[PDB]
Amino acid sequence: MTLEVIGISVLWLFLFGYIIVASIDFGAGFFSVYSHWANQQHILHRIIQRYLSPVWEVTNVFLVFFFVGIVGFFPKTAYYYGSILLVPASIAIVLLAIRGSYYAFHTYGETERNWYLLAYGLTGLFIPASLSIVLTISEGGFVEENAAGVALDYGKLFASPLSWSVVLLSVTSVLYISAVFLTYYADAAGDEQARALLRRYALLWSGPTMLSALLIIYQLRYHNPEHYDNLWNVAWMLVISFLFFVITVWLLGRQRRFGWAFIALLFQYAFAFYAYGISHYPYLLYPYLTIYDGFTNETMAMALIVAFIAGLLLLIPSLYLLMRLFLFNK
């Protein structure tokens, strides 16, 4: 079952890899939406949305690579998670449908270009939550409560101090990460707002996000003590992450070389997410959904890993070359 732990280990970083670009795109198609709510300029939306969408295209590759990969290692999730997660999926998919439909229609549709930015306002934010529900429930329960497993009313598990902790763990960090990326290459005199909003979202990161990193800890004490213990055993990683965040904040406060702000950000939420995963591992919500349950054939595990390599080996250099077409300076 080593290959099965490596699989989830990598796929987690597919979800992270998604999180990276998705933050940028969902921050963009939102901040840009407000900043252009005032003066819905088709010139600016044209010039913008000529280059925004490719990111959003790249995202779904991470997303679907993850989604299609995970079930290769764990079909039993495709049973359980599949059979449970009946609604949020469809919603997320609607939100996506909307995103994309309009990403396309706007390309050659100025009528939609201005009015259906509303939709980007809606979705650009709503999506993070709609994933955050599954990311939440993945460390929660459908028929998994305290003393020895009481059947739960899924309709009332929406409202909980652990879920909005994940909604915060997402939204605000979407905001912050996106803001950091936008700031990094903010090669303009009009980049003072990006760093102020980035400051607000950095303060949201030190607050609501790193707050929620502890809301999860102080929810797990009453919820899942094993996960709490693991999370205390990788809390030093959240510390490291906080320190990297502090580095990105220092780059915010001081210099123009935000490369290190992006690297520090990267390692920051990378570790803040990778610990957040590690602690949850090795298992997937249920004791029946532990990595080694429903043991699969492990050749296609290797093949799938090969496919993930083949994937990343495009996903990354697409962006590494996407960040050489905008420079041509080597």
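When you see a residue number, it is the position in the sequence shown, counting from 1.
For the higher mean C-alpha B factor in the entry, choose 160-168 or 79-87.
It is 160-168.
Between 56-64 and 261-269, point out the one with the higher average CA B-factor as the PDB entry records it.
Here the higher of the two C-alpha B-factor means belongs to 261-269.
According to the deposited entry, which of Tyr276, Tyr51, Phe26, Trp37 has the largest Cα B-factor?
Reading the PDB entry, the winner on C-alpha B-factor is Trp37.
Highest recorded Cα temperature factor - choice among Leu135, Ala92, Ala119, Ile217
Max CA B-factor in the entry, restricted to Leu135, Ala92, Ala119, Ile217: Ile217.
Considering only modelled residues of the same chain, in which third does the CA B-factor of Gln193 rank: lowest, middle or highest?
For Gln193, the deposited C-alpha B-factor lands in the highest third.
Ranked against its chain, the third holding the CA B-factor of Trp250
Answer is highest: the recorded C-alpha B-factor places it there.
Rank-wise, by C-alpha B-factor, drop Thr107 into the lowest, middle or highest third of its chain.
As the PDB entry reports it, the C-alpha B-factor of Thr107 lands in the lowest third of its chain.
Determine, from the deposited record, the chain-internal third of the Cα B-factor for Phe74: lowest, middle or highest.
CA B-factor rank for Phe74: lowest third.
Sorting by Cα B-factor within the chain, modelled residues only, which third would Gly124 end up in: lowest, middle or highest?
It falls in the bottom third of the chain.
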